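Presented below is the structure to which this report refers.
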Amino acid sequence: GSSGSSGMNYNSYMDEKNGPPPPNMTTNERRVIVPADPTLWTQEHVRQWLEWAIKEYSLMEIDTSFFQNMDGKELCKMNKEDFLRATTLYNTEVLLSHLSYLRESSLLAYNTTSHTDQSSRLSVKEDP
């Protein structure tokens, strides 16, 4: 007769080989600026934040004793008036705005999520 087999596979793959150190570039090392929302803050997040803003924004003459051990939730209840008693208006606008900016992000965080979640189980490694 007269018959054959005309048909190629045509495919590709990767080996994923990594060379010796040093590595490409660092990523993270126990560094966090915010947990999530201003309502779920800790006693430290209330301090580190202030010490940070005063540095970045480079403010001057601001109450610190007020944020020595204030509840993260209280920071939200604080209004232009409450904040005015702690610092000037110019500063109150720099704080309230920041605390309000974080919330503006949550507006997008609210997702339906159709069975697309993932558990967290990442632990640091060491030794050969």
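Just so you know, we're using my numbering here: the sequence shown kicks off at 9 and counts up by one.
Just so it is clear, CB atoms sit at the ideal spot from N, CA and C, and this is done for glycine as well.
*Among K85, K133, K81, nearest to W49 - alpha-carbon criterion*: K81
Residue ranges of each alpha helix (DSSP H) run of no fewer than 4 residues wholly in the segment 19-104, ordered along the chain? 53-64, 82-85, 88-94
Exercise for the section: Pull up the distance between the alpha-carbon of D90 and that of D71, whole angstroms please. Expected result: 12 Å
| Any non-hydrogen atom of the ligand MG closer than 7 Å to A94 Cβ | Ligands are entirely absent from the displayed structure, and the ligand MG is therefore not among its contents.
- Message: Let me make sure I understand the geometry here. Which of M78, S14, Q56 has the alpha-carbon closest to that of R39?
- Response: For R39, the nearest C-alpha among the options comes from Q56.
Is the segment 85-99 touching the segment 114-121 in the sense that three or more CB pairs, one from each, lie closer than 8 Å? In short, these stretches do not touch, since the Cβ pair count stays below three.
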